[PDB]
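Here is final_2.csv, consisting of CSV, C-alpha atoms:
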```
chain,number,residue,atom,x,y,z
A,1,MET,CA,90.3,75.6,100.3
A,2,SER,CA,88.2,75.0,103.5
A,3,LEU,CA,87.3,78.6,104.8
A,4,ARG,CA,84.4,81.1,104.8
A,5,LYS,CA,83.1,84.0,102.5
A,6,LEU,CA,85.8,86.6,103.1
A,7,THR,CA,84.2,89.8,104.6
A,8,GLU,CA,85.1,92.3,107.4
A,9,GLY,CA,84.9,89.5,110.1
A,10,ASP,CA,87.1,86.9,108.3
A,11,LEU,CA,89.5,89.6,107.0
A,12,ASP,CA,89.9,91.1,110.6
A,13,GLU,CA,90.4,87.5,112.1
A,14,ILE,CA,93.3,87.5,109.6
A,15,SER,CA,94.3,91.2,110.3
A,16,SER,CA,94.3,90.3,114.1
A,17,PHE,CA,96.3,87.0,113.4
A,18,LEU,CA,98.9,89.0,111.4
A,19,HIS,CA,99.0,91.8,114.1
A,20,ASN,CA,99.5,89.2,116.9
A,21,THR,CA,102.1,87.4,114.7
A,22,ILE,CA,104.2,90.6,114.4
A,23,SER,CA,103.6,91.6,118.0
A,24,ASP,CA,104.6,88.1,119.4
A,25,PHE,CA,107.6,88.1,117.0
A,26,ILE,CA,108.7,91.5,118.2
A,27,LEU,CA,108.3,90.2,121.9
A,28,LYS,CA,110.5,87.1,120.9
A,29,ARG,CA,113.1,89.7,119.5
A,30,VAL,CA,113.2,92.6,122.0
A,31,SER,CA,111.3,93.3,125.3
A,32,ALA,CA,108.0,95.2,125.6
A,33,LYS,CA,109.7,97.1,128.5
A,34,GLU,CA,112.7,98.2,126.2
A,35,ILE,CA,110.1,99.3,123.7
A,36,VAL,CA,108.4,102.7,124.0
A,37,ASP,CA,105.6,101.5,121.7
A,38,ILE,CA,104.7,99.6,118.5
A,39,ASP,CA,102.4,100.7,115.6
A,40,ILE,CA,101.0,97.9,113.4
A,41,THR,CA,98.5,98.5,110.6
A,42,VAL,CA,97.4,95.4,108.5
A,43,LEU,CA,95.3,96.2,105.4
A,44,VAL,CA,93.5,93.7,103.2
A,45,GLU,CA,91.6,94.5,100.0
A,46,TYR,CA,89.8,92.8,97.1
A,47,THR,CA,89.6,94.6,93.6
A,48,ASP,CA,89.1,91.6,91.2
A,49,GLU,CA,92.5,90.4,92.6
A,50,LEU,CA,93.4,90.0,96.4
A,51,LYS,CA,95.7,92.4,98.2
A,52,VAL,CA,97.3,92.1,101.7
A,53,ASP,CA,99.6,94.9,102.9
A,54,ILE,CA,101.4,94.9,106.3
A,55,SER,CA,102.9,98.0,107.9
A,56,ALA,CA,104.7,97.7,111.3
A,57,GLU,CA,106.7,100.3,113.3
A,58,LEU,CA,108.9,99.5,116.3
A,59,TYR,CA,109.8,102.4,118.7
A,60,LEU,CA,112.6,101.5,121.2
A,61,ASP,CA,113.7,103.6,124.1
A,62,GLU,CA,116.5,106.2,123.5
A,63,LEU,CA,118.8,103.8,125.5
A,64,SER,CA,118.0,100.4,123.9
A,65,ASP,CA,120.2,98.8,121.2
A,66,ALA,CA,118.9,96.0,118.9
A,67,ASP,CA,119.5,94.5,115.4
A,68,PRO,CA,119.4,96.5,112.0
A,69,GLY,CA,116.4,94.4,110.7
A,70,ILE,CA,114.5,93.3,113.9
A,71,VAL,CA,111.2,95.0,112.6
A,72,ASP,CA,111.6,93.7,109.0
A,73,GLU,CA,112.0,90.2,110.5
A,74,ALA,CA,108.6,90.5,112.1
A,75,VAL,CA,106.8,91.7,108.9
A,76,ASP,CA,108.6,89.0,106.8
A,77,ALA,CA,107.7,86.4,109.5
A,78,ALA,CA,104.1,87.5,109.3
A,79,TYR,CA,104.2,87.4,105.4
A,80,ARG,CA,105.8,83.9,105.3
A,81,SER,CA,103.6,82.6,108.2
A,82,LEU,CA,100.6,83.9,106.2
A,83,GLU,CA,101.9,82.2,103.0
A,84,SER,CA,102.2,78.8,104.8
A,85,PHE,CA,98.9,79.4,106.8
A,86,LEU,CA,97.4,79.8,103.3
A,87,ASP,CA,99.2,76.5,102.2
A,88,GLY,CA,96.5,75.0,104.5
A,89,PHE,CA,93.8,76.4,102.0
A,90,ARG,CA,95.4,77.2,98.5
A,91,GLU,CA,98.5,74.8,98.5
```

Conversion result in structure tokens:
Amino acid sequence: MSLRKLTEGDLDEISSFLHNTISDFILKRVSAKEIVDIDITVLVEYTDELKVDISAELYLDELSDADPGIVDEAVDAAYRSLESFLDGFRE
């Protein structure tokens, strides 16, 4: 481990990195202009043990047509990119 004392700042740098990771993954899956909107909430908590919880919603136009997992791929890509980003600190 080679980081800082995890408080609101560090935890939001991670919440923002996770939000961008899903957003950029959604943009490498389907266009921001085929999308009506996206709703992404990243939660991180510490109660003797560490919790990280990622909720993402992807709202396409009533005309678009995309893959039956394209959102789940973004959240999984964020969780697995977090697990390997943490391999840089926890192995």

Exercise for the section: Calculate how many Å separate CA of residue 14 (chain A) from CA of residue 35 (chain A), rounding to one decimal. Expected result: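 It comes out at 24.9 Å.
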
Problem - Who sits within 9 Å of region 40-54 of chain A, all atoms listed in the file, same chain under 6 positions skipped, as a ChimeraX atom specification - result: /A:11-12,14-16,18-19,22-23,75,78-79

Problem - Best match for closeness to residue 74 (chain A) among A:1, A:26, A:58, A:38, counting all atoms listed in the file - result: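 Checking each candidate against residue 74 (chain A), we get A:26 as the closest.
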
Practice task
Mind checking which residues fall within 9 Å of residue 37 (chain A), counting only C-alpha atoms, ignoring those fewer than 6 positions away in the same chain, and posting them as number ranges by chain?
Solution key: A: 57-61

Problem - For CA of residue 32 (chain A) and CA of residue 69 (chain A), the interatomic separation in Å (one decimal) - result: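 Separation of CA of residue 32 (chain A) and CA of residue 69 (chain A): 17.1 Å.
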
Practice task
Kindly give the distance, in Å, that separates CA of residue 33 (chain A) and CA of residue 63 (chain A), rounded to a single decimal.
Solution key: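 If I compute the distance from CA of residue 33 (chain A) to CA of residue 63 (chain A), I get 11.7 Å.
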
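Of the listed residues A:27, A:6, A:71, A:86, the one whose atoms come nearest to residue 56 (chain A) is A:71, with distances taken using all atoms listed in the file.
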
Add whatever atoms are absent from region 16-30 of chain A to reach N, CA, C and O atoms, and provide the output as an mmCIF file, in the frame of the given file.
```cif
data_model
loop_
_atom_site.group_PDB
_atom_site.id
_atom_site.type_symbol
_atom_site.label_atom_id
_atom_site.label_comp_id
_atom_site.auth_asym_id
_atom_site.auth_seq_id
_atom_site.Cartn_x
_atom_site.Cartn_y
_atom_site.Cartn_z
ATOM 1 N N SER A 16 93.999 90.519 112.675
ATOM 2 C CA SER A 16 94.300 90.300 114.100
ATOM 3 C C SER A 16 95.380 89.155 114.209
ATOM 4 O O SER A 16 96.360 89.347 114.929
ATOM 5 N N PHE A 17 95.258 88.049 113.456
ATOM 6 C CA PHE A 17 96.300 87.000 113.400
ATOM 7 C C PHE A 17 97.639 87.522 112.965
ATOM 8 O O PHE A 17 98.668 87.213 113.571
ATOM 9 N N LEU A 18 97.652 88.362 111.924
ATOM 10 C CA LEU A 18 98.900 89.000 111.400
ATOM 11 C C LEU A 18 99.423 90.018 112.457
ATOM 12 O O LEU A 18 100.617 89.959 112.751
ATOM 13 N N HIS A 19 98.584 90.872 113.059
ATOM 14 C CA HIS A 19 99.000 91.800 114.100
ATOM 15 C C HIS A 19 99.620 91.064 115.310
ATOM 16 O O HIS A 19 100.729 91.408 115.726
ATOM 17 N N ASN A 20 98.951 90.021 115.828
ATOM 18 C CA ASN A 20 99.500 89.200 116.900
ATOM 19 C C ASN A 20 100.815 88.523 116.448
ATOM 20 O O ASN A 20 101.776 88.540 117.207
ATOM 21 N N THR A 21 100.896 88.035 115.203
ATOM 22 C CA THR A 21 102.100 87.400 114.700
ATOM 23 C C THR A 21 103.303 88.312 114.723
ATOM 24 O O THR A 21 104.353 87.927 115.231
ATOM 25 N N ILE A 22 103.150 89.565 114.268
ATOM 26 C CA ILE A 22 104.200 90.600 114.400
ATOM 27 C C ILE A 22 104.497 90.934 115.833
ATOM 28 O O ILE A 22 105.659 90.981 116.224
ATOM 29 N N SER A 23 103.460 91.180 116.643
ATOM 30 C CA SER A 23 103.600 91.600 118.000
ATOM 31 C C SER A 23 104.363 90.517 118.869
ATOM 32 O O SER A 23 105.382 90.815 119.494
ATOM 33 N N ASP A 24 103.930 89.254 118.796
ATOM 34 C CA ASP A 24 104.600 88.100 119.400
ATOM 35 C C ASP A 24 106.002 87.882 118.879
ATOM 36 O O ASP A 24 106.914 87.544 119.636
ATOM 37 N N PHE A 25 106.220 88.105 117.574
ATOM 38 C CA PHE A 25 107.600 88.100 117.000
ATOM 39 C C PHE A 25 108.469 89.170 117.541
ATOM 40 O O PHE A 25 109.599 88.898 117.950
ATOM 41 N N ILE A 26 107.983 90.414 117.632
ATOM 42 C CA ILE A 26 108.700 91.500 118.200
ATOM 43 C C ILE A 26 109.033 91.181 119.699
ATOM 44 O O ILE A 26 110.189 91.294 120.098
ATOM 45 N N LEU A 27 108.068 90.662 120.469
ATOM 46 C CA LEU A 27 108.300 90.200 121.900
ATOM 47 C C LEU A 27 109.269 89.031 121.975
ATOM 48 O O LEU A 27 109.958 88.943 122.990
ATOM 49 N N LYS A 28 109.403 88.161 120.955
ATOM 50 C CA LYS A 28 110.500 87.100 120.900
ATOM 51 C C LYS A 28 111.779 87.640 120.259
ATOM 52 O O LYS A 28 112.715 86.863 120.038
ATOM 53 N N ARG A 29 111.865 88.947 119.980
ATOM 54 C CA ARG A 29 113.100 89.700 119.500
ATOM 55 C C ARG A 29 113.615 90.669 120.505
ATOM 56 O O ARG A 29 114.814 90.635 120.766
ATOM 57 N N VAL A 30 112.780 91.543 121.080
ATOM 58 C CA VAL A 30 113.200 92.600 122.000
ATOM 59 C C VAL A 30 112.009 92.906 122.992
ATOM 60 O O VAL A 30 110.842 92.803 122.613
#
```
